[PDB]
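Peer 1: Before I ask anything, let me first share the structure, which is written out below as structure tokens.
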Ligand SMILES: O=c1ccn([C@@H]2O[C@H](COP(=O)(O)OP(=O)(O)O)[C@@H](O)[C@H]2O)c(=O)[nH]1
Ligand SMILES: COC(=O)CCCCCCCCO[C@@H]1O[C@H](CO)[C@H](O)[C@H](O)[C@H]1O
Ligand SMILES: [Cl-]
Ligand SMILES: [Cl-]
Ligand SMILES: [Hg+2]
Ligand SMILES: [Hg+2]
Ligand SMILES: [Hg+2]
Ligand SMILES: [Hg+2]
Ligand SMILES: [Hg+2]
Ligand SMILES: [Mn+2]
């Protein structure tokens, strides 16, 4: 049950004025593609807060990667789901190496040394790479049953150029005439149920490939793309959500660089 939104004063949307004229803002299966300018964050924040939404953010930090945790968490505190309940899940082989980062109210962190727990603790799961930093707003506009993010190096490429797994012997196989977009393995998420369905599917597919003596060209990312091709995401995030300014600069089409690679 969703309660009514309170009175709000904001610019009236204009039916005869496109949001963005330079980019596709909706997929052929009617899923919004999230770009700056397409959403009113005040309306969205209201909608999700009225649901007392809790977002889980998962990251793996093994070996030398534990060094990226401090900046990742500090910047997440400044830009990730601020105002909402957040639960960080850090999977690491070095529990004692996790930095002591100060968190805002309503936010907590759990260290898991290297399920049904996520189903009882959070509403949405966001899975990202740790060697990154938030530089701008990453909020509830991304929440939906299942979302993928456009790879910053292939958003303008034709499907034929996509680095999908091309060997029929692999479960991640996608022919040259198939494919919507090339999604990043480093930033995906959705409801706990949908995320677990995706990871369960990829885990099984990778096991089959392993038994068959084959390894997808881009590992988990290849399987993720196969899954999202066959199970269309309900929202697609623009490259604003995972960029590398060092390797790609700051194009005009990107009004904001929200989450980026650490040099
Ligand atoms: O030895 C590793 C390799 C990868 N990772 C995690 O997996 C992510 C993605 O792999 P990686 O960053 O090495 O490649 P990229 O995805 O940067 O090409 C890393 O950012 C970490 O979050 C890790 O913890 N230990
Ligand atoms: C995930 O890659 C990045 O965040 C940096 C992208 C920089 C611009 C060039 C993008 C294409 C080459 O990057 C590599 O692409 C392959 C798939 O073809 C994998 O996604 C690699 O992780 C990525 O580094
Ligand atoms: Cl993860
Ligand atoms: Cl991840
Ligand atoms: Hg708009
Ligand atoms: Hg995850
Ligand atoms: Hg998969
Ligand atoms: Hg997998
Ligand atoms: Hg996957
Ligand atoms: Mn990475």
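Bear in mind these aren't lab numbers, they're just calculated from the coordinates by the rules spelled out. All Cβ positions, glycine included, derive from the backbone under ideal geometry; neighbour counts span all protein chains shown.
Peer 1: Taking 7 Å along the Cα-to-C-beta vector as the label spot, tell me the residue 159-residue 93 distance in nanometres, rounded to one decimal.
Peer 2: 3.9 nm
Peer 1: Would you mind computing, in nm to one decimal, how far apart the modelled labels at residue 24 and residue 177 are, each placed 7 Å from Cα along Cα→Cβ?
Peer 2: 1.9 nm
Peer 1: OK, next. For the residues 158, 4, what sequence is obtained by ranking on other C-beta atoms within 10 Å, fewest first?
Peer 2: Numbers: 158 9, 4 6.
Result, fewest neighbours first: 4, 158.
Peer 1: If you average the alpha carbon positions of the range 130-177 and of the range 211-244, how far apart do those two centres end up, in angstrom?
Peer 2: If you average the Cα positions of each part, the centres end up 5 Å apart.
Peer 1: Label-point separation (nm) for residue 212 and residue 117, each offset 7 Å from Cα along Cα-to-Cβ?
Peer 2: Between residue 212 and residue 117, the simple spin-label model gives 3.4 nm.
Peer 1: For the range 121-225, report the % of Cα-Cα distances exceeding 24 Å.
Peer 2: Roughly 29 percent, rounded to a whole number.
Peer 1: Also, I was wondering about something else. Can you give the Rg/Rh ratio of the chain, where Rg is from the C-alpha atoms and Rh is the Kirkwood radius? It would help to have the intermediate numbers written out before the result.
Peer 2: Working: Rg = 18.7 Å, Rh = 19.6 Å.
My calculation puts Rg/Rh at 0.96.
Peer 1: Then there is this: So between residue 4 and residue 38, what do we pick up on full extension, going 0.36 nm a residue minus the alpha carbon distance? Could the numbers behind the result be given before it?
Peer 2: Values: separation 34, 0.36 × 34 = 12.24 nm, distance 2.26 nm.
Full extension from residue 4 to residue 38 adds 10.0 nm.
Peer 1: Further, regarding this structure: Could you give the length gained by full extension between residue 50 and residue 102, i.e. 0.36 nm per residue of separation minus their alpha carbon distance, to one decimal place? Spell out each step's value before the answer.
Peer 2: Details: separation 52, 0.36 × 52 = 18.72 nm, distance 2.62 nm.
Between residue 50 and residue 102, full extension yields 16.1 nm more.
Peer 1: For each of 138, 3, count neighbouring Cβ atoms within 10 Å of the residue's Cβ, then give the residues from fewest to most.
Peer 2: On the way: 138 25, 3 7.
Lowest count first: 3, 138.
Peer 1: Then there is this: Set the Förster distance to 22 Å, then compute FRET efficiency between residue 78 and residue 244 from the Cβ-Cβ distance, nearest 0.05.
Peer 2: Working: r = 20 Å, r/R0 = 0.90.
It comes out at approximately 0.65.
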